[PDB]
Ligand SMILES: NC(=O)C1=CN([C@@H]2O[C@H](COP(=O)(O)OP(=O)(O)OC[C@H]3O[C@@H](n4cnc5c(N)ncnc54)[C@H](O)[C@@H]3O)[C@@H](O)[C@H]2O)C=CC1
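The chain below stands alone and is given as structure tokens, in the form deposited without the ligand.
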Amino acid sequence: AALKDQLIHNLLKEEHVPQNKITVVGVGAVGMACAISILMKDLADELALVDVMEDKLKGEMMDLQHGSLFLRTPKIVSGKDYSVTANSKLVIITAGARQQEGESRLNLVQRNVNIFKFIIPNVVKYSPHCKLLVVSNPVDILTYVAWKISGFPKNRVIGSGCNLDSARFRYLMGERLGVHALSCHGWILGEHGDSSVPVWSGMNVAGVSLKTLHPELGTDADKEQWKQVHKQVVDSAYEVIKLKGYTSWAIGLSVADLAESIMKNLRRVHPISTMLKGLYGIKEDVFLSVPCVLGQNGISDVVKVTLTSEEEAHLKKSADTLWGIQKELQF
């Protein structure tokens, strides 16, 4: 009688346990940009979305599903119940608290802790073996928060950190020199924000050190003002937010690049945030960006970058500031 049975003879029943699943938590502009970038790079065989507002969540799921003909990811699901996230290889956290006028730094972080106390145990319950990738800001502190609540080993808790900062730096270098960002090399490390560290000694094109060629590179009194290129990077989100209200596209592409290294076990090096105690002279439980080898087991190795005394002092001062906030948090 039924059309499906007249057309199709079934040979095998339903044991659907996903094999290459990714979850995005939060369907704000950042989360949806991560989602569309992951879908157009064929990184997952199932995509799950979760957030607390049911109507926008279902509408975003339906909008993506209606494009299925043009994609190669056959299952897209969503819900406020974290059961929809079960058996994920990778869970990307973009949700957080909305900022309030006149609230202190410590109060903002604690409000995000209170949200993570609900999100993280739910994630761990349904995907006990996943990798966690935290994007929510302030990212170095909130990556620590996810690590603390989850109980996961440090190799499986990753912060997006300075990955986009470095991409922006390479684009701006490329604009100045007349070359693609792919062929400009340079690293921004440390705390994601106003105190990140541009490692001038490593900037190069085709292996030619820009500092040896132009020795005053990175000093304020440089007639070409290369120090203001780093200031442009730290101010980039501020300028884009003032023009269009928020940033989305670039972080979505940077996050999908990280997901590609994880899902395909590439062991590429990225400037991302990892638990740094015992390395680079740090003695507290803080997360900072260094060049990390990224693959299917998360962060397996760290590159030991040679830093000047000025550069080391910036990192150590960031570690002190982060721990000062973290030791006052209520878990």
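The first residue of the shown sequence is 1; numbering continues from there. We call the rigid core the largest set of C-alpha positions that still match within 1.5 Å between the two forms.
Higher mean CA B-factor, judged across 229-237 and 70-78 from the recorded values: 229-237.
Once the C-alpha B-factors are averaged per stretch, 199-207 and 104-112 rank with 104-112 first. In the deposited coordinates, the residue among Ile141, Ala221, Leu258, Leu172 with the greatest CA B-factor is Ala221. In this PDB entry, the Cα temperature factor of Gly193 sits in the top third of its chain's modelled residues, the highest group. Remark: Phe152 belongs to the highest third of its chain, ranked by C-alpha B-factor as recorded. Annotation for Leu307: C-alpha temperature factor in the middle third relative to the rest of the modelled chain, per the entry. Compared with the other modelled residues of the chain, the Cα B-factor recorded for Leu294 ranks in the lowest third. The PDB entry assigns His270 a C-alpha temperature factor belonging to the lowest third of its chain's modelled residues.
Form deposited with the ligand bound: not shown, discussed below.
Site status: open, since the ligand, placed by superposing the C-alphas around its site in the deposited bound form, has no atom within 2.4 Å of backbone or C-beta atoms.
Between the options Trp187, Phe152, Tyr82, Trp226, the residue in contact with the ligand in the deposited bound form by a heavy atom within 4.5 angstroms is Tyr82.
Only one of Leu64, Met263, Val27, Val290 comes within 4.5 Å of the ligand in the deposited bound form through a heavy atom, and that residue is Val27. Of the heavy atoms in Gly96, some are within 4.5 Å of the ligand in the deposited bound form. Shown alone here, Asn112 lies within 4.5 Å of the ligand in the deposited bound form, counting heavy atoms only. Interface membership of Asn137, defined by any non-hydrogen atom within 4.5 Å of the ligand in the deposited bound form, is confirmed.
Of the heavy atoms in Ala259, none are within 4.5 Å of the ligand in the deposited bound form. Across the proposed site, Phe118, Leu164 and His192 without exception bring a heavy atom within 4.5 Å of the ligand in the deposited bound form. Only one of 177-185, 208-216, 70-78, 88-96 lies within 4.5 Å of the ligand in the deposited bound form by heavy atoms, and it is 88-96.
Fit the rigid core and compare the CA positions between this form and the one not shown: of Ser83, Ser104, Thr212, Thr219, just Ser104 moves by 2 angstroms or more.
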